[PDB]
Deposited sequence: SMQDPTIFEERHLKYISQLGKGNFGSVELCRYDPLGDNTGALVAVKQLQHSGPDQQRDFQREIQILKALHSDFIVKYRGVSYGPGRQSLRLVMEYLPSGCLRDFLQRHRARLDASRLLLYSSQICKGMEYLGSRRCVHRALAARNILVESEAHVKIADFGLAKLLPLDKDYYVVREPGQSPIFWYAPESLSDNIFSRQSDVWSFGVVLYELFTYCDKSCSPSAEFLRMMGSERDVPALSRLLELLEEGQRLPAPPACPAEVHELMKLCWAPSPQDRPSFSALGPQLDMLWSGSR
């Protein structure tokens, strides 16, 4: 099996990302032991009990089964005698995440390129949808840059498959400003709750992930004068009153319209990724 990587030939280099229960590390797979082997991204767990190990095994099986140009590529696993020694080996994308890329190259990325990224993310999300996978972490920081015109969805740590007989599932630290109100209120997740997140992703792209325009900064602006109202409680009120993130300056009207539709109160009033994609394509392809 070329998908089995020998733990002893994985040489640690640096950290790519960190969560509460895991890290993704840059490593070299160096079976010749002369430091010429290929670089890979390797996820492993820390501070993990059975639930986290169980979620990690699911993550491995999910990603291994996805074959899309817009989803980060599974390469294999590693293991050893060690208790927490199971690792997920993925492709390494050295241009990093889209959030950083947009902040760094803002000046040279026009609305046409942002449209292109939007279209690609949407297609990877359509691909997930057709496999009944709810991603749950869809944000610019979890999208990778393969090249200047090619992005890929990553961080499957929270991804979960829908049952064959329901179109949602329920769970028992969430990025609150990316989450659908039913997910924050009632822990209901669906492909339509990923549509909501995608709308915040649009927001990010067309603000170039600028920190002064971030969802959290806008929230603090909209918050009103009572600054000791717990964020989640006040966000739920604001969303229930019909308040939404404002249109960025870079935003064409049509993209702002799609954002607002992604943020329809009822999940069932939100467009599917299949309905969004052709609209983003009209705009993108029509902006070449």
Should a student be asked to find the unmodelled regions, what ranges of the deposited sequence would be the right answer here? 1-3, 176-178
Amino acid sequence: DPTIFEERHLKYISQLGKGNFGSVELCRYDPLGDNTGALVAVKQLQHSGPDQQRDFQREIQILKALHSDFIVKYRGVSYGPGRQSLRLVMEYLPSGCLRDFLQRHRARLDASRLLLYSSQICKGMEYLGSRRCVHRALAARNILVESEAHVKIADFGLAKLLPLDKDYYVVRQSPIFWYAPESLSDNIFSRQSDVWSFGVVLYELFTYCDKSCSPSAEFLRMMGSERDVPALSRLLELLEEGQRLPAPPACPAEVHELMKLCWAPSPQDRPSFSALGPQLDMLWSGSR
From here on, numbers count along this sequence of modelled residues.
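Rigid core (definition): largest C-alpha set, two forms, superposition within 1.5 Å.
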Fit on the core, then compare CA atoms: does 25-33 or 248-256 lie farther from this form in 4 other deposited structures of this protein? 25-33
Looking at C-alpha RMS in 4 other deposited structures of this protein with the core superposed, is it 233-241 or 34-42 that drifts more? 34-42
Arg83 coordinate gap across at least a third of other entries: yes
As the entry reports it, the stretch among 66-74 and 46-54 with higher mean C-alpha B factor is 46-54
Return whichever of 213-221 and 115-123 has the greater mean Cα B factor according to the PDB record. 213-221
Which one of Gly82, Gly199, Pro181, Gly157 shows the biggest C-alpha B-factor in the PDB entry? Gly82
Going by the deposited entry, which of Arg172, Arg131, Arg99, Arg191 has the highest CA temperature factor? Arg172
Can you tell me whether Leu276 has a C-alpha B-factor in the lowest, middle or highest third compared with the other modelled residues of the same chain? middle
Going by the recorded CA B-factors, say which third of the chain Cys262 sits in, lowest, middle or highest. lowest
Splitting the chain's C-alpha B-factors into thirds, which one does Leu109 fall into? highest
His135: C-alpha B-factor third of its chain, per the entry, is the lowest
Once the chain's modelled residues are ordered by C-alpha B factor and cut into thirds, is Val255 in the lowest, middle or highest one? highest
